[PDB]
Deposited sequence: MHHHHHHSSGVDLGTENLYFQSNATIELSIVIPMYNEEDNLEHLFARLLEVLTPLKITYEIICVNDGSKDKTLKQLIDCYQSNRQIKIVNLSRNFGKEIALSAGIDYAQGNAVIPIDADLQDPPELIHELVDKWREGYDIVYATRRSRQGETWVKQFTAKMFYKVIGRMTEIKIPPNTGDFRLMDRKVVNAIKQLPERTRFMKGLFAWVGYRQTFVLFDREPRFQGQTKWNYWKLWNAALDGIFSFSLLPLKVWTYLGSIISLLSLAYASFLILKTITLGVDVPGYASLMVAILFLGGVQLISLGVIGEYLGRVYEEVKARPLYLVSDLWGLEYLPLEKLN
């Protein structure tokens, strides 16, 4: 039989203290990936595990040519450990999976089908009010991806999308709004069996309007400027009408003293985002690699 040096699919699994599930995960994944008759690879990212998960990963690495390990220097975030695996993931399609396996792995057979039709990004949302009517008109046409009962963390992305978001710091939080900005051909498939809180979803909306727009800063600059010209001109005219004494002296100082703190709020928020954009510090660090080559030190 012949050989093929091109990888078509890459599954990335971040692991933190997953000593138990390695045998069942690899057996289930093999029973799902083998019938496809397509070359693949398994990127296992050890995220500073303490329960000897790495020792078991290396054992599966020795007896499986598809197992590749990315050992981080310490425990990072789950999203950061996922970004590290995607960086070391070669292949035309990338799909992340969880270790606890809340979603059936057999569903990848349906995701790759939509990818073969031409779709660059294919989500896997489960099937299960005024907010949904809102985001459909502004945020994204496919609001069912980020509905309360399911997050679009189970998805397939083409190589063009992974390459497009390689340098973006928002690739860590790709489901926070970056998916609606990158565009491309998107679709989803349906299936059945913390998060899910509406406070945590409007938190993603607030985190989205500040990250992909300058409106909160610009509309407050113009608003603060027009109330400033009203303040200075009315003070010059008041110093040459009605002088309500305390009914204005307290109102004015406590109004201006309060509006400056929220102005300093949006300034401090955007200043923190500008800092996070200019840091030379990477998202993660790789301690060891098994079955992979290091990324170029240019970065």
property	result
Deposited sequence positions missing from the model - stretches, numbered from 1, in order	1-19, 148-155, 221-227, 275-280, 340-341
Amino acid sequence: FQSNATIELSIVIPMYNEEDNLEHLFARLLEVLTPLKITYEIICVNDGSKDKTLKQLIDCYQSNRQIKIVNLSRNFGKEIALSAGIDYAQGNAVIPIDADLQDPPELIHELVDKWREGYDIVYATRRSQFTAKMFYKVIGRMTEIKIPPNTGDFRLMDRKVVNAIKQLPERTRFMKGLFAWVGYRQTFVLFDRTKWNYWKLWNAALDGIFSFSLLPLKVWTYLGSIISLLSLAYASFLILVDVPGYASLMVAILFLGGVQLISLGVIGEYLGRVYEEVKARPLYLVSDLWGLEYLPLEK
From here on, numbers count along this sequence of modelled residues.
property: Higher-scoring stretch by recorded Cα B factor average, 255-263 or 54-62; result: 255-263
property: 176-184 versus 140-148 - greater average Cα B-factor per the deposited record; result: 140-148
property: Candidate residues 241, 42, 70, 274, the one whose C-alpha B factor the record puts highest; result: 241
property: Residue selected from 119, 191, 210, 76 by maximal Cα B factor; result: 191
property: Chain-relative CA temperature factor third for residue 86; result: lowest
property: Ranked against its chain, the third holding the CA B-factor of residue 167; result: middle
property: Position of residue 100 among the chain's modelled residues by C-alpha B-factor, lowest, middle or highest third; result: highest
property: Third of the chain, ranked by Cα B-factor, where residue 23 sits; result: middle
property: Modelled-residue ranking by C-alpha temperature factor, third containing residue 218; result: middle
